[PDB]
């Protein structure tokens, strides 16, 4: 069942089916001409000559785009829009409480970003310095990010739900010089203690690089204050000059670092540079959401994740869009909140997550009760697999069967959309990302790296570079090469599995490595295991994801206790909270399963496949296990 392109969309679309085919073919056969022309979506201070200069060679990965060009991201997202569109709203802010909202014009946003860029410079922050941003969804988070970009500082945004330990780890790895935070965040009526978490992070003796903490007064709560180190946002920004001249950055100057979980090890700082990244974010934003001047756009993703970088802020602001930043959650105070915001601000494009869609869908018509939704024209889904039922419920109930849904597949390491419909070019299948974006060459390979042709399934790789590609892991280019470019030589390995059907449409089925996706949050199996075994009473741990009707995956942990310890309600609570402390509430196990029967190879390594099946409630081949006998026991313990 393919959904046709509706006439209202065909009448206005930027890219129709023929235009998609022609552009795609040029983008693959001649990326230098294609991207040389498409790069002019940005203002360049000096033009590039060389466009594509890349190699996925084993142990010798090198990625450069537009390398001789110079530009400024903040000038592209702000300054260049002033003369004609200074009075256009850049950010609509909607508070957690519906009585609270703000409209911030391109001129107002520009003025505050200039003031804060001057604030950063005056504090001694320079081009290349890393600035940690630990902020709630308020416009000042955007001001901070844009001001860093404006001066060539490298921001590292840390999701507000991370624990003090997790904050400290990111600060340590990045040598962040400055932390920007708020006293508290406000979410679903509740307060989250951000500044206190920062205090606790900075007590880590290995945190040595932070000289100041800028604090936004969001709630005015009683916080501890360290004289000298801590500074109030308002105090600083009101002192600063609103005049700031943007300087030119090289296309390959680092723009930001975003700490990202892997199949093994601890989170690594995925690094994006400036030129290719912004070209790709602007281009994908424009064509996939069919952006026309005047369109009101709402991405629901947090600023702390890559969607919040590329599609809440940089893509839409580069294009001069009005972008909506919502402080709260889609179902507070009631399940109808998301569609109430749509109505309130006459949103035309809605881009949200399958977990959110499923949480609303569980409430049924209470999600749309009393709302109109007629301003919507385009819908999109981000960040995790979406099954056909949820897709159809979204398309029907939120979009009233009138709105194409763009199910966008991409990753933190890809910078922007990779496989996605375009609303006026591609007919839709519920649950399918459909076809690759311009400049993207996907392939499916078996475990031996052999490309599979026709209708088939396998490991999803990308066989050549694209302008938005992450360039490295901060301080760890060899691990970058290992993780993404060693499994299948000369290819980018996404870590995802996919199916291609007889029409050539792609269906992404989930991670094939040990990365979990819990409510849209990317977590590592090994890092959660490491968190658990750090507990004084825990000897060993094996973590698996299991299907969950709302969250997509839930976290199931098998735990082996030290000799002398017994399970108890106290210990159950303590271990769950231990993971909440080491990483954050986002990584809290849903289930703890106490056992002494972890399956292991004869070399001693944990075997997780059977554990996954058992936890799911299901078996496989046990001939690699040093003791098959564990299986039966594990089946009994889960029965109880």
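Positions refer to the first chain, counted from 1.
In the deposited entry, the stretch joining residue 618 to residue 619 is interrupted by 1 to 3 residues of the deposited sequence lacking coordinates. Of the two segments examined, 117-125 and 205-213, it is 205-213 that shows the higher average Cα temperature factor in the deposited entry.
The deposited model assigns a higher average Cα B-factor to 597-605 than to the other stretch when 58-66 and 597-605 are compared. The maximum CA B-factor among the listed residues 169, 86, 439, 421, taken from the PDB record, is found at 86. The residue among 79, 199, 566, 252 whose C-alpha carries the highest B-factor in the deposited model is 566. In the PDB entry, residue 177 places in the middle third of its chain by CA B-factor.
Ranked within its chain, residue 96 lands in the middle third, by CA B factor from the PDB record. Sorting the modelled residues of the chain by their CA temperature factor places residue 225 in the highest third. For residue 362, the recorded CA temperature factor ranks within the highest third of the chain's modelled residues. When the modelled residues of the chain are ordered by their C-alpha B factor, residue 335 lands in the highest third.
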